[PDB]
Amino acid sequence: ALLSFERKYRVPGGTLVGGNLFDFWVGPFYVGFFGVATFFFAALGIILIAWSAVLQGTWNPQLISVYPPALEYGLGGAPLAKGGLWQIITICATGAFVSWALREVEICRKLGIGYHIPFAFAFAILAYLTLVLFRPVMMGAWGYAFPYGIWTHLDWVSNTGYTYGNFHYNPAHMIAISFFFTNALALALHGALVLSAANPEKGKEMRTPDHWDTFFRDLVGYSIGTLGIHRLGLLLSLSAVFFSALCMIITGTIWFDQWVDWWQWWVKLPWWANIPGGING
C-alpha cells in the first residue's frame, strides 16, 4: 500500500548496482541490491546469534551474549564456541550497516534529494567500527572489543572506563558529552519552537517564522534561523559521535594510564608550577 501522494515518485531508476533487477518494493520498503545484501547479512547474523545462544546454553534475550575471542587469540581466528561466532557476526553487522547506508543512497537518487542522511549514518557506523575493529586492531586483539549482549556490553563499558580511573577525565570524552547534552537541548528547543508556532493559544492563527525569530531574540538576543537550526542539530550530533570515536581511539593506545593524571601537563607548566597555595601547591 501507498501513501496518498506516493505513486508519482515510484519511478524506475536510481540504483547503484543491478540495473532494474532489484528495482522494486515490498510493502512500504524499498529493496534494491543493498536491500538484498542487508537481508542476507542481517539474517545470517541473527542465525549465528541464535546458534551462539545454544552453544552458550540459553534463550533469554537478557542473558544471550556473544563474547569475542579472548586476548590470547590476538588478531587471529577462533573456535566458533569461543570467539569465532563473534568474528563472523561482526563481519555480518558491518555488511548490514554499510549495505543499509548504500540502500539509503539508492533511495536518495530515486527521490532526487541530497545524500545527507547516509552521510550522517556513516558517522554511527564509524563509531561501531572504532570499538570493534579499529581500536581492537590497534591494540593487537579482538578481545578488547565489546561483547554482543544487552547487559554484558554495559559490563564492558564499565570495566573499560575504570581501567583508566574515572573516565570522566578523558578530555575528548568531555567534548563528546558536551555535544550530546547540547544536542538534546537544541532538539527540545527546536521541537517546542516549531510546535509553539503551529499550535498557538486557543483560537489564534498559526504563527509565522517571524514570530519564532522574535521569540528567540526576545529571549536570548539571537535566533539562528530555520536553515541554521537544522545545520546545527546535524553538526551537534555528528560532532558528539566524532568525539566519542576519538575519545576511544586514543584510550589504550596513545594514552593508557589513569585519565585524571593527564591534566598534570597544565598544572606543571613552568611559569606557575612552583607557585605556593591553591590546590596543587
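Just count from 1 along the sequence shown to find any residue number.
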As stated in the PDB record, which stretch has the larger average Cα B-factor, 100 to 108 or 86 to 94?
86 to 94
Which is higher on average in the deposited entry, the C-alpha temperature factors of 65 to 73 or of 208 to 216?
65 to 73
Looking at 117, 186, 137, 176, which has the highest CA B-factor as recorded?
137
Taking the Cα B-factors listed in the entry, which of 238, 229, 245, 46 comes out highest?
46
According to the PDB entry, is the CA B factor of residue 33 in the bottom, middle or top third of its chain, that is, lowest, middle or highest?
middle
Going by the recorded CA B-factors, say which third of the chain residue 191 sits in, lowest, middle or highest.
lowest
Splitting the chain's C-alpha B-factors into thirds, which one does residue 113 fall into?
lowest
Of the three thirds of its chain by CA temperature factor, lowest, middle or highest, which one includes residue 153?
middle
Ranked by Cα temperature factor within the chain, is residue 167 in the lowest third, the middle third or the highest third?
lowest
